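As structure tokens, the structure follows; a few thoughts come after it.
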Amino acid sequence: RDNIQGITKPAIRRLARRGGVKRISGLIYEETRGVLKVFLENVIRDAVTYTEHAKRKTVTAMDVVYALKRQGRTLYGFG
Amino acid sequence: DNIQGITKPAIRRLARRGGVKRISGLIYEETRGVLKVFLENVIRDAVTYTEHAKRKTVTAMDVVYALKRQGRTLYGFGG
Amino acid sequence: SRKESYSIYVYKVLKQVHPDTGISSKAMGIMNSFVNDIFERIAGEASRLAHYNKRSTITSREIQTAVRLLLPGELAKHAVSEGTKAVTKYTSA
Amino acid sequence: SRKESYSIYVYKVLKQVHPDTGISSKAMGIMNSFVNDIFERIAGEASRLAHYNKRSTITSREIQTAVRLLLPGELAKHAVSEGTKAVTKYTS
Amino acid sequence: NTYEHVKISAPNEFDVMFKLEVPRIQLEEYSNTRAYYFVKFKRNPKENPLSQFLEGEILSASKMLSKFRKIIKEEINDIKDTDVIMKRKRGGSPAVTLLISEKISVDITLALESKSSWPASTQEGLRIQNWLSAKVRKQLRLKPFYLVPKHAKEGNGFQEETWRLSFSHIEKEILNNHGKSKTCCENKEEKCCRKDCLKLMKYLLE
Amino acid sequence: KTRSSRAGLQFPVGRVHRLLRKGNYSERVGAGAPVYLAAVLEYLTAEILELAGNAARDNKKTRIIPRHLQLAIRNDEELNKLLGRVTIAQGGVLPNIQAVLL
Amino acid sequence: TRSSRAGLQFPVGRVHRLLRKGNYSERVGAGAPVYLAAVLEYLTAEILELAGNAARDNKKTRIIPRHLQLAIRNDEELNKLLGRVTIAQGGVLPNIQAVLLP
Amino acid sequence: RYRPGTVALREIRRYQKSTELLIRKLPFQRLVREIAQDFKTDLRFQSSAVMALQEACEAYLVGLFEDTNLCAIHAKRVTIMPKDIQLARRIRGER
Amino acid sequence: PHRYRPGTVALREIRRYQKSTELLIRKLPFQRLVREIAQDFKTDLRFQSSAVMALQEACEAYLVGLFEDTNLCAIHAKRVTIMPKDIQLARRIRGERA
DNA sequence: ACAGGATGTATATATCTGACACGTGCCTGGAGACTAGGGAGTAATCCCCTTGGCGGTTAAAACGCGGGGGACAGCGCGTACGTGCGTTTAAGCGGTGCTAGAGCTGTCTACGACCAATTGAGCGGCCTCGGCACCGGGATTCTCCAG
DNA sequence: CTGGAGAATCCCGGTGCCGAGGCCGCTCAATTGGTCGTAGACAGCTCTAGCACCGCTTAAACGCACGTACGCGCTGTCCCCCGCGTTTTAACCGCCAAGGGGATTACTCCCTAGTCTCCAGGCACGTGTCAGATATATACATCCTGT
């Protein structure tokens with residue numbers, strides 16, 4: 001608990017300014033926090049599945065890369 | 001022509017299946033454009049499959065694989 | 001020359017779970033395309049799993065992992081349960 | 001052990017295009033994973049395509065049609081032209 | 001933006017160069033002449049209208065200069081109280097001679113500017129390493145190059161669509177920084193004669 | 001003594017084993033894997049046909065048509081999130097009327 | 001070598017080994033890895049060309065993933081190719097909406 | 001005379017229940033042959049391929065009309081606009 | 001008091017963070033969140049640090065693309081200020097909520 | 001509309017500094033041949049099914065007219081958030097330490113490849129009966145002027 | 001603003017027609033049974049390397065007044081779009097060819113698989129120095145308020 005609260009308000013504001021957003025409502029922050037928690041639940045579920053398949057105890061970068069591969073959200077730079 | 005063969009009330013019937021209550025008069029030409037682009041893509045890939053099989057008769061299954069690789073998977077015709 | 005679909009197998013499953021329910025031929029083709037789609041999904045996922053761990057042998061563990069990836073939560077849980085049960089049956093017999 | 005990367009080949013293509021330009025290791029990782037991704041996509045679609053015609057031999061025609069299906073229009077046309085030129089040069 | 005006194009013995013004649021921002025261009029060298037290249041727009045998805053004007057795959061320099069002259073002749077008529085007339089285009093040169101009403105002969109030459117990498121024959125050149133620095137060499141290498149036409153005038157070559165490279169801006173920038181010491185002709189201990197002797201040689205030749 | 005009957009299943013262990021062999025998925029196919037995969041396919045087929053049969057009973061018909069397959073997949077949230085990318089021909093959509101229009 | 005024999009830069013032999021190892025099919029034709037290494041060479045050449053041109057436009061002589069991001073996302077056809085793909089260490093396009101400006 | 005929208009909602013209740021093709025077969029098929037004639041001349045079509053491609057095009061447009069209607073409700077309107085369609089395709093990523 | 005208008009500093013922040021490329025989320029709370037959710041799934045999983053970096057890259061790029069689509073929704077509704085209904089709309093069109 | 005004091009960003013200037021670029025040593029996978037078979041090519045063929053045309057038939061497209069409700073602009077104004085100022089937090093970073101577990105290396109073993117016989121489950125054709133499409137009249141569902 | 005008026009819609013129920021259910025006969029593919037290597041299971045031991053920890057630091061998170069600017073509410077306006085009519089269009093359904101082209105078998109023979117052997121390219125390990133980020137002063141770009 002409360003590590004999800006570690007996603008701060010000005011961090012979301014920095015992401016919005018990178019996203020080109022001019023003004024930000026006060027309820028944007030908890031919504032973004034929940035959406036990021038859902039996205040992370042999906043990716044970490046896939047990563048834990050890859051890790052437990054590998055009979056290992058250490059999550060590695062390649063497992064996260066293949067998790068994002070089956071997500072469709074394909075990332076480069078870590079393989 | 002055939003882009004006018006996509007009639008105004010056929011687009012209105014498609015929108016009523018979609019649930020649209022009120023339609024502007026400029027919706028129709030834009031819908032013709034979007035439909036034309038989508039069929040350009042699908043028929044492009046399907047004719048590419050047809051040319052690969054050294055054939056001049058576009059099967060259903062080639063259209064199925066074109067729609068599959070675009071990500072719009074259709075069931076019930078071959079695969 | 002033999003179009004081998006899953007028609008009689010799906011029909012056996014249909015008369016197993018609903019003996020008073022019919023099925024059209026178009027719906028049978030849809031279920032055939034469905035089974036081929038899910039088979040391609042799980043088989044490609046397990047193939048890539050075999051290439052990740054550098055094993056040349058797909059076993060039930062790889063299919064278990066691919067099912068846990070491809071399906072959503074409780075469906076995957078019930079499916080892993082059914083598969084483990086059936087592999088236990090095939091091992092005991 | 002040994003790693004299988006495309007780093008020196010990306011660097012050779014870079015010296016062919018931009019002969020006095022640097023590239024970071026992270027950008028080299030980007031391009032290594034990119035080349036593995038494009039190789040994986042094209043080899044997979046060639047495998048699917050050969051499976052569609054039940055052929056057990058991936059040919060250059062298979063790769064050509066895989067490029068035509070996967071890659072978007074004008075870039076695919078240029079790439080098919082380059083690949084056909086290179087295969088004809090290989091045959092001689 | 002290079003006021004380019006090529007003719008310092010008579011500054012009343014101008015050679016005003018125009019730039020044109022082009023896409024990336026595959027270059028085909030002509031006949032191993034080592035300076036005459038063909039302009040082929042390698043690949044462009046935006047479909048910029050220069051490619052729409054082009055013939056085949058090589059950009060037609062004669063077509064470009066013809067319609068350029070056509071637009072100039074058409075538009076300089078519209079100039080009021082400044083007598084600008086279309087002078088003869090003869091001499092097998094860029095031409096587009098325009099006279100501004102009293103001996104102000106302006107020879108307009110539009111130049112393509114590709115911001116791409118330098119061609120392979122321009123590699124061992126720019127030998128300002130021991131003169132300025134290798135770093136200034138590499139930073140001037142990062143600057144864009146230019147394209148001006150001339151048909152290959154080798155005996156029988158006529159109206160060929162070749163393109164030779166221009167280097168005017170790098171030469172102006174090294175005329176603004178010409179000493180090994182970076183404050184040359186800037187403080188009163190390093191008055192040199194590079195600009196002096198260069199103007200002496202160019203005036204003597206002209 | 002067939003392997004489908006040996007495991008007590010419905011989907012063909014021999015056909016799945018043959019497709020895993022000749023489908024070039026790996027060099028070796030362990031013998032429990034087609035059993036496991038046929039079991040998973042049997043459960044998925046049973047679940048979807050259960051929901052499609054319930055859709056047919058809700059329309060009071062004793063024959064599943066593609067409309068019932070569409071309604072069954074798009075009503076179950078787990079199978080819809082599984083099959084959101086799949087369009088069924090002659091499927092239609094769910095009854096989905098916007099409350100702001102009423 | 002076959003790369004020298006095809007006049008190409010990418011290793012055709014490594015592509016042939018990976019086609020044999022990756023189990024895409026059993027038999028691999030001889031012109032297939034030649035054609036594939038050519039397509040990889042053209043794609044790598046065009047993307048590094050755009051990246052180096054953007055690096056010259058930002059006056060950087062070392063290619064970082066920012067220039068790769070800008071190069072791919074400024075070509076609309078490459079953007080159509082790689083719309084789903086995330087480049088790490090990339091940032092985004094400089095893109096300001098016209099309603100925001102005064 | 002009905003309220004302007006009552007028989008529209010009656011049509012919505014009709015066509016969400018219905019499954020059949022709403023585009024007329026032969027103008028659509030002639031359109032498909034014209035678009036294919038743009039790519040490669042003198043091509044022959046299986047009629048099942050034309051029907052399946054019509055299924056895919058109608059289902060794609062129904063999804064697009066749902067998301068476009070959601071956008072138009074989101075802007076507190078009930079009238080859909082080409083601006084709405086451009087928004088929907090820009091979010092989907094098709095342009 | 002040299003106070004700007006309420007849009008100007010927003011515009012220079014847009015120029016700065018579209019110019020910048022670094023990680024905007026602070027690394028250690030993101031690591032705590034990842035370790036929290038993974039501990040919820042499988043207890044005592046050690047992490048590769050580059051895997052956490054890749055997770056942060058994917059999350060930040062996903063949220064930036066989401067905020068672009070959210071800004072397009074908010075400008076589309078004749079507004080300038082984003083609201084969580086814009087985010088719900090964008091994820092419903094992408095297909096995450098429906 | 002125009003000038004003025006900020007305020008931030010870009011350009012030039014030493015100084016690092018860790019990572020590219022280039023040499024060096026190894027070593028296994030490509031290369032060069034050599035063979036065997038088997039997939040793929042080609043010829044030639046059955047036969048499906050597309051293309052086209054036509055007649056008739058009717059649901060539907062197109063146009064017209066009345067009008068009305070929502071899009072759009074404007075007035076208004078209340079608050080929510082940006083801007084700014086001041087105030088604690090804790091991320092980050094280097095730094096060392098402990099051991100958990102990946103990774104390598106070698107040592108076996110049950111398991112699939114492989115072949116080969118043996119036969120049923122599976123498919124192609126074949127009847128055959130209930131389920132789906134209408135078509136009018138009951139029964140329901142539902143919007144629309146007024147005292 | 002509640003009741004009645006009437007136009008439309010969902011079952012009732014007969015008709016009827018036609019596609020799923022179901023055997024029957026043929027037959028390739030599944031199942032059974034040895035043999036083999038060898039990939040995978042297992043053990044052991046290194047040793048990277050991930051987790052905890054300090055402790056200083058300082059941007060950065062956090063809070064708060066506040067004016068303003070944008071959201072939303074209200075107000076009228078109007079035309080653009082809904083609905084019913086009134087006409088015409090042409091899609092559709094069925095028939096009926098003519099032939100293009102898909103599918104199949106039948107021989108074939110090249111092309112890749114496979115085996116062998118040698119190399120030289122590819123990778124690991126140094127290292128020199130080069131792009132970049134550092135600060136730091138300075139200049140060019142952009143606002144915000146009074147006349």
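Letters for chains follow the order of the structure tokens (A, B, ...), residue numbers begin at 1 for each chain, and ligand numbers begin at 1 in the order shown.
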
Practice task
Identify, on the basis of only C-alpha atoms (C1' of nucleotides), every residue whose closest approach to residue 82 in chain K does not exceed 10 Å; exclude the query and any residue fewer than 3 positions from it along the same chain; express the result as a ChimeraX atom specification.
Solution key: /B:22-23 /H:2-5,7-8 /J:67-68

Would you save the residues of that selection, restricted to N, CA, C and O atoms (P, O5', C5', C4', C3', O3' and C1' of nucleotides), as a PDB file, in the first residue's frame?
```pdb
ATOM      1  N   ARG B  22     -28.532  11.259 -34.561  1.00  0.00           N
ATOM      2  CA  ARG B  22     -28.627  12.437 -35.412  1.00  0.00           C
ATOM      3  C   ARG B  22     -27.345  12.599 -36.211  1.00  0.00           C
ATOM      4  O   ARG B  22     -26.245  12.561 -35.652  1.00  0.00           O
ATOM      5  N   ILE B  23     -27.505  12.792 -37.521  1.00  0.00           N
ATOM      6  CA  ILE B  23     -26.431  12.671 -38.499  1.00  0.00           C
ATOM      7  C   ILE B  23     -26.356  13.957 -39.307  1.00  0.00           C
ATOM      8  O   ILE B  23     -27.368  14.404 -39.855  1.00  0.00           O
TER       9      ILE B  23
ATOM     10  N   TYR H   2     -44.488  11.429 -36.095  1.00  0.00           N
ATOM     11  CA  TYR H   2     -43.718  11.078 -34.917  1.00  0.00           C
ATOM     12  C   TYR H   2     -42.714  12.174 -34.576  1.00  0.00           C
ATOM     13  O   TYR H   2     -42.408  13.051 -35.389  1.00  0.00           O
ATOM     14  N   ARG H   3     -42.241  12.129 -33.335  1.00  0.00           N
ATOM     15  CA  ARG H   3     -41.188  13.026 -32.897  1.00  0.00           C
ATOM     16  C   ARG H   3     -39.916  12.726 -33.682  1.00  0.00           C
ATOM     17  O   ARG H   3     -39.620  11.555 -33.955  1.00  0.00           O
ATOM     18  N   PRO H   4     -39.165  13.748 -34.092  1.00  0.00           N
ATOM     19  CA  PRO H   4     -37.967  13.497 -34.897  1.00  0.00           C
ATOM     20  C   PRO H   4     -36.863  12.854 -34.078  1.00  0.00           C
ATOM     21  O   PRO H   4     -35.991  13.526 -33.519  1.00  0.00           O
ATOM     22  N   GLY H   5     -36.925  11.525 -34.004  1.00  0.00           N
ATOM     23  CA  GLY H   5     -35.998  10.731 -33.227  1.00  0.00           C
ATOM     24  C   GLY H   5     -36.648   9.492 -32.644  1.00  0.00           C
ATOM     25  O   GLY H   5     -35.955   8.549 -32.253  1.00  0.00           O
ATOM     26  N   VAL H   7     -38.836   7.353 -34.307  1.00  0.00           N
ATOM     27  CA  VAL H   7     -38.677   6.258 -35.250  1.00  0.00           C
ATOM     28  C   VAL H   7     -37.206   5.999 -35.520  1.00  0.00           C
ATOM     29  O   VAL H   7     -36.851   4.898 -35.946  1.00  0.00           O
ATOM     30  N   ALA H   8     -36.335   6.952 -35.179  1.00  0.00           N
ATOM     31  CA  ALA H   8     -34.899   6.711 -35.229  1.00  0.00           C
ATOM     32  C   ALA H   8     -34.467   5.718 -34.157  1.00  0.00           C
ATOM     33  O   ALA H   8     -33.723   4.774 -34.440  1.00  0.00           O
TER      34      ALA H   8
ATOM     35  P    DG J  67     -45.111  24.700 -41.026  1.00  0.00           P
ATOM     36  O5'  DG J  67     -43.937  24.229 -40.091  1.00  0.00           O
ATOM     37  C5'  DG J  67     -44.091  23.104 -39.245  1.00  0.00           C
ATOM     38  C4'  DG J  67     -42.790  22.835 -38.523  1.00  0.00           C
ATOM     39  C3'  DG J  67     -42.244  24.028 -37.729  1.00  0.00           C
ATOM     40  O3'  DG J  67     -41.670  23.561 -36.517  1.00  0.00           O
ATOM     41  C1'  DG J  67     -40.625  23.257 -39.178  1.00  0.00           C
ATOM     42  P    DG J  68     -42.549  23.418 -35.178  1.00  0.00           P
ATOM     43  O5'  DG J  68     -41.996  22.063 -34.537  1.00  0.00           O
ATOM     44  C5'  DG J  68     -41.026  21.300 -35.257  1.00  0.00           C
ATOM     45  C4'  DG J  68     -39.763  21.112 -34.433  1.00  0.00           C
ATOM     46  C3'  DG J  68     -39.624  22.037 -33.242  1.00  0.00           C
ATOM     47  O3'  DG J  68     -38.660  21.497 -32.384  1.00  0.00           O
ATOM     48  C1'  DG J  68     -38.057  22.658 -34.827  1.00  0.00           C
TER      49       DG J  68
END
```

Using only C-alpha atoms (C1' of nucleotides), find the residues of chain J whose closest atom to chain B is at most 12 Å away, then write them as a PDB file with N, CA and C atoms (P, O5', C5', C4', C3', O3' and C1' of nucleotides), in the first residue's frame.
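Okay, part-v4.pdb is ready:
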```pdb
ATOM      1  P    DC J  49     -17.713 -24.109 -56.751  1.00  0.00           P
ATOM      2  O5'  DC J  49     -17.783 -22.721 -57.495  1.00  0.00           O
ATOM      3  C5'  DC J  49     -16.615 -22.175 -58.089  1.00  0.00           C
ATOM      4  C4'  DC J  49     -17.006 -21.076 -59.045  1.00  0.00           C
ATOM      5  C3'  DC J  49     -18.276 -20.327 -58.647  1.00  0.00           C
ATOM      6  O3'  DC J  49     -18.070 -18.974 -58.894  1.00  0.00           O
ATOM      7  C1'  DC J  49     -18.446 -21.015 -60.829  1.00  0.00           C
ATOM      8  P    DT J  50     -17.677 -17.995 -57.690  1.00  0.00           P
ATOM      9  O5'  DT J  50     -17.213 -16.679 -58.444  1.00  0.00           O
ATOM     10  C5'  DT J  50     -16.035 -16.713 -59.233  1.00  0.00           C
ATOM     11  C4'  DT J  50     -16.332 -16.229 -60.631  1.00  0.00           C
ATOM     12  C3'  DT J  50     -17.031 -14.879 -60.694  1.00  0.00           C
ATOM     13  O3'  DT J  50     -16.150 -13.919 -61.214  1.00  0.00           O
ATOM     14  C1'  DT J  50     -17.834 -16.412 -62.324  1.00  0.00           C
ATOM     15  P    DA J  60     -36.403  -1.804 -47.905  1.00  0.00           P
ATOM     16  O5'  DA J  60     -35.723  -0.717 -48.833  1.00  0.00           O
ATOM     17  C5'  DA J  60     -34.803  -1.154 -49.807  1.00  0.00           C
ATOM     18  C4'  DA J  60     -34.463  -0.033 -50.751  1.00  0.00           C
ATOM     19  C3'  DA J  60     -34.076   1.278 -50.083  1.00  0.00           C
ATOM     20  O3'  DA J  60     -32.907   1.781 -50.706  1.00  0.00           O
ATOM     21  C1'  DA J  60     -35.700   1.668 -51.707  1.00  0.00           C
ATOM     22  P    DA J  61     -31.874   2.658 -49.854  1.00  0.00           P
ATOM     23  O5'  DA J  61     -31.544   3.926 -50.769  1.00  0.00           O
ATOM     24  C5'  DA J  61     -30.832   3.782 -51.993  1.00  0.00           C
ATOM     25  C4'  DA J  61     -31.294   4.815 -53.000  1.00  0.00           C
ATOM     26  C3'  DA J  61     -30.940   6.248 -52.626  1.00  0.00           C
ATOM     27  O3'  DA J  61     -30.239   6.856 -53.697  1.00  0.00           O
ATOM     28  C1'  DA J  61     -33.222   6.075 -53.238  1.00  0.00           C
ATOM     29  P    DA J  62     -29.562   8.299 -53.516  1.00  0.00           P
ATOM     30  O5'  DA J  62     -30.655   9.304 -54.091  1.00  0.00           O
ATOM     31  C5'  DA J  62     -31.241   9.070 -55.360  1.00  0.00           C
ATOM     32  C4'  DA J  62     -32.222  10.173 -55.663  1.00  0.00           C
ATOM     33  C3'  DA J  62     -31.867  11.525 -55.074  1.00  0.00           C
ATOM     34  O3'  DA J  62     -31.911  12.496 -56.094  1.00  0.00           O
ATOM     35  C1'  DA J  62     -34.075  10.928 -54.462  1.00  0.00           C
ATOM     36  P    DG J  69     -39.106  20.590 -31.141  1.00  0.00           P
ATOM     37  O5'  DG J  69     -37.726  20.025 -30.607  1.00  0.00           O
ATOM     38  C5'  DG J  69     -37.040  19.048 -31.364  1.00  0.00           C
ATOM     39  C4'  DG J  69     -35.592  19.449 -31.570  1.00  0.00           C
ATOM     40  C3'  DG J  69     -34.840  19.808 -30.308  1.00  0.00           C
ATOM     41  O3'  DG J  69     -33.563  19.254 -30.419  1.00  0.00           O
ATOM     42  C1'  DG J  69     -34.637  21.567 -31.849  1.00  0.00           C
ATOM     43  P    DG J  70     -32.814  18.642 -29.145  1.00  0.00           P
ATOM     44  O5'  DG J  70     -31.296  18.972 -29.456  1.00  0.00           O
ATOM     45  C5'  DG J  70     -30.684  18.395 -30.598  1.00  0.00           C
ATOM     46  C4'  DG J  70     -29.825  19.425 -31.288  1.00  0.00           C
ATOM     47  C3'  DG J  70     -28.629  19.913 -30.499  1.00  0.00           C
ATOM     48  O3'  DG J  70     -27.552  20.018 -31.374  1.00  0.00           O
ATOM     49  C1'  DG J  70     -29.889  21.746 -31.176  1.00  0.00           C
ATOM     50  P    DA J  71     -26.101  19.509 -30.946  1.00  0.00           P
ATOM     51  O5'  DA J  71     -25.141  20.473 -31.781  1.00  0.00           O
ATOM     52  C5'  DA J  71     -25.357  20.634 -33.184  1.00  0.00           C
ATOM     53  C4'  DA J  71     -24.970  22.031 -33.652  1.00  0.00           C
ATOM     54  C3'  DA J  71     -23.697  22.594 -33.071  1.00  0.00           C
ATOM     55  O3'  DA J  71     -23.006  23.208 -34.117  1.00  0.00           O
ATOM     56  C1'  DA J  71     -25.482  24.094 -32.653  1.00  0.00           C
TER      57       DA J  71
END
```

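The residue that comes closest to chain H, out of B:67, B:58, B:75, B:46 and on the basis of only C-alpha atoms, is B:58.
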
Mind running chain B against chain H at 7 Å and telling me each contacting residue's nearest atom pair with the distance in Å (one decimal), counting only C-alpha atoms, chain and number ascending, as CSV?
```
residue,atom,partner,partner_atom,distance
B:2,CA,H:31,CA,5.0
B:3,CA,H:31,CA,6.7
B:5,CA,H:27,CA,5.3
B:6,CA,H:28,CA,6.9
B:10,CA,H:23,CA,5.7
B:13,CA,H:22,CA,6.6
B:14,CA,H:62,CA,6.4
B:15,CA,H:65,CA,6.0
B:16,CA,H:12,CA,4.8
B:17,CA,H:15,CA,4.6
B:18,CA,H:62,CA,5.1
B:19,CA,H:12,CA,5.5
B:20,CA,H:69,CA,6.1
B:21,CA,H:8,CA,6.4
B:22,CA,H:79,CA,4.9
B:23,CA,H:80,CA,5.5
B:24,CA,H:81,CA,6.0
B:26,CA,H:82,CA,6.7
B:27,CA,H:82,CA,5.6
B:30,CA,H:82,CA,6.4
B:40,CA,H:35,CA,6.4
B:43,CA,H:36,CA,6.3
B:56,CA,H:43,CA,5.6
B:57,CA,H:44,CA,4.6
B:58,CA,H:45,CA,5.0
B:59,CA,H:46,CA,5.7
B:60,CA,H:49,CA,3.9
B:63,CA,H:49,CA,6.6
```

Distance filter 12 Å, only C-alpha atoms (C1' of nucleotides), chain G against chain K, as a short mmCIF file (atom, residue, chain, number, x, y, z; two decimals) with N, CA and C atoms, in the first residue's frame:
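The file below, result-v1.cif, is the result:
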```cif
data_model
loop_
_atom_site.label_atom_id
_atom_site.label_comp_id
_atom_site.auth_asym_id
_atom_site.auth_seq_id
_atom_site.Cartn_x
_atom_site.Cartn_y
_atom_site.Cartn_z
N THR G 1 32.53 -14.93 -49.23
CA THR G 1 31.31 -15.10 -48.45
C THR G 1 30.08 -14.80 -49.28
N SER G 3 27.67 -12.83 -48.44
CA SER G 3 27.41 -11.39 -48.39
C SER G 3 28.23 -10.67 -49.45
N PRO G 11 24.90 -10.38 -42.84
CA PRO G 11 25.43 -11.74 -43.00
C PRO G 11 24.33 -12.71 -43.42
N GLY G 13 24.72 -15.81 -44.21
CA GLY G 13 24.92 -17.08 -43.52
C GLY G 13 24.29 -17.13 -42.14
N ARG G 14 24.35 -16.02 -41.41
CA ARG G 14 23.72 -15.98 -40.09
C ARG G 14 22.21 -16.03 -40.23
N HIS G 16 20.66 -17.52 -42.65
CA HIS G 16 20.35 -18.90 -43.03
C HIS G 16 20.38 -19.82 -41.81
N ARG G 20 17.18 -21.77 -40.17
CA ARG G 20 17.21 -23.19 -39.84
C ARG G 20 16.88 -23.41 -38.37
N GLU G 26 10.86 -26.34 -42.70
CA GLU G 26 11.93 -27.32 -42.68
C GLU G 26 13.01 -26.95 -43.68
N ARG G 27 12.61 -26.73 -44.93
CA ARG G 27 13.56 -26.36 -45.96
C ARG G 27 13.54 -24.85 -46.15
N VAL G 28 14.72 -24.29 -46.38
CA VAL G 28 14.90 -22.86 -46.61
C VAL G 28 15.56 -22.68 -47.96
N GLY G 29 14.89 -21.97 -48.86
CA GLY G 29 15.44 -21.74 -50.18
C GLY G 29 16.68 -20.87 -50.14
N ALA G 30 17.48 -20.95 -51.21
CA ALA G 30 18.77 -20.28 -51.21
C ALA G 30 18.65 -18.78 -51.41
N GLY G 31 17.72 -18.35 -52.25
CA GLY G 31 17.53 -16.92 -52.45
C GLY G 31 16.78 -16.21 -51.35
N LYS G 59 22.48 19.03 -35.11
CA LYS G 59 23.92 19.28 -35.04
C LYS G 59 24.66 18.29 -34.15
N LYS G 60 24.07 17.12 -33.94
CA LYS G 60 24.68 16.05 -33.16
C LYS G 60 25.36 15.09 -34.12
N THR G 61 26.59 14.72 -33.82
CA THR G 61 27.29 13.76 -34.66
C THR G 61 27.21 12.33 -34.15
N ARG G 62 26.59 12.10 -33.00
CA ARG G 62 26.41 10.76 -32.47
C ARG G 62 24.92 10.44 -32.39
N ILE G 63 24.52 9.32 -32.99
CA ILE G 63 23.11 8.96 -33.05
C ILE G 63 22.66 8.44 -31.70
N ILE G 64 21.67 9.11 -31.12
CA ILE G 64 21.08 8.70 -29.85
C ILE G 64 19.66 8.28 -30.18
N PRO G 102 -1.54 31.68 -28.74
CA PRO G 102 -2.28 32.94 -28.67
C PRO G 102 -2.52 33.56 -30.05
#
```

Using only C-alpha atoms, find each residue in chain E having at least one atom no more than 9 Å away from chain G; report its shortest atom-to-atom pair and that distance in Å (one decimal), rows by chain then rising number, as CSV.
```
residue,atom,partner,partner_atom,distance
E:24,CA,G:50,CA,8.7
E:44,CA,G:75,CA,8.9
E:45,CA,G:77,CA,6.8
E:46,CA,G:76,CA,8.0
E:115,CA,G:53,CA,7.1
E:116,CA,G:53,CA,5.8
E:117,CA,G:53,CA,7.1
E:138,CA,G:61,CA,8.9
E:139,CA,G:59,CA,8.2
E:142,CA,G:56,CA,5.8
E:143,CA,G:56,CA,7.5
E:144,CA,G:56,CA,8.7
```

Dump of N, CA, C and O atoms for the selected residues, as a short mmCIF file (atom, residue, chain, number, x, y, z; two decimals), in the first residue's frame:
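Result written to out_32.cif:
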```
data_model
loop_
_atom_site.label_atom_id
_atom_site.label_comp_id
_atom_site.auth_asym_id
_atom_site.auth_seq_id
_atom_site.Cartn_x
_atom_site.Cartn_y
_atom_site.Cartn_z
N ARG E 24 15.55 14.29 -49.27
CA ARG E 24 16.81 13.57 -49.37
C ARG E 24 16.93 12.95 -50.76
O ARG E 24 15.95 12.51 -51.35
N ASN E 44 10.31 9.75 -51.10
CA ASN E 44 9.59 10.83 -50.45
C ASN E 44 8.12 10.44 -50.35
O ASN E 44 7.43 10.31 -51.36
N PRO E 45 7.63 10.24 -49.13
CA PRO E 45 6.20 9.98 -48.96
C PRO E 45 5.35 11.23 -48.92
O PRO E 45 4.14 11.15 -49.19
N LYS E 46 5.93 12.39 -48.60
CA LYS E 46 5.13 13.61 -48.53
C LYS E 46 4.73 14.13 -49.89
O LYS E 46 3.79 14.93 -49.97
N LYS E 115 20.28 18.96 -47.23
CA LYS E 115 20.84 18.87 -45.89
C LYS E 115 21.33 17.48 -45.56
O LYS E 115 21.50 17.15 -44.38
N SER E 116 21.60 16.65 -46.56
CA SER E 116 21.95 15.26 -46.36
C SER E 116 23.42 15.13 -45.98
O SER E 116 24.10 16.11 -45.67
N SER E 117 23.94 13.91 -46.03
CA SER E 117 25.36 13.74 -45.81
C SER E 117 26.10 13.99 -47.11
O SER E 117 25.54 13.88 -48.21
N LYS E 138 34.95 19.00 -38.99
CA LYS E 138 33.80 18.12 -38.78
C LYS E 138 32.53 18.94 -38.58
O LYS E 138 31.44 18.50 -38.97
N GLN E 139 32.64 20.14 -38.00
CA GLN E 139 31.48 20.99 -37.81
C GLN E 139 31.04 21.67 -39.10
O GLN E 139 29.84 21.89 -39.30
N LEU E 142 29.12 19.07 -40.98
CA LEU E 142 27.73 18.96 -40.57
C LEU E 142 26.82 19.95 -41.28
O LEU E 142 25.60 19.79 -41.22
N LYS E 143 27.37 20.96 -41.94
CA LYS E 143 26.54 21.94 -42.61
C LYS E 143 26.10 21.43 -43.98
O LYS E 143 26.77 20.59 -44.58
N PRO E 144 24.96 21.91 -44.48
CA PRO E 144 24.43 21.38 -45.74
C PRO E 144 25.25 21.79 -46.95
O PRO E 144 25.99 22.77 -46.94
#
```

Could you make a table, as CSV, of the residues of chain C that have an atom within 12 Å of an atom of chain D, each with its nearest atom pair and distance in Å to one decimal, counting only C-alpha atoms, in chain and number order?
```
residue,atom,partner,partner_atom,distance
C:40,CA,D:48,CA,10.3
C:44,CA,D:44,CA,9.8
C:47,CA,D:44,CA,11.7
C:48,CA,D:40,CA,10.7
```
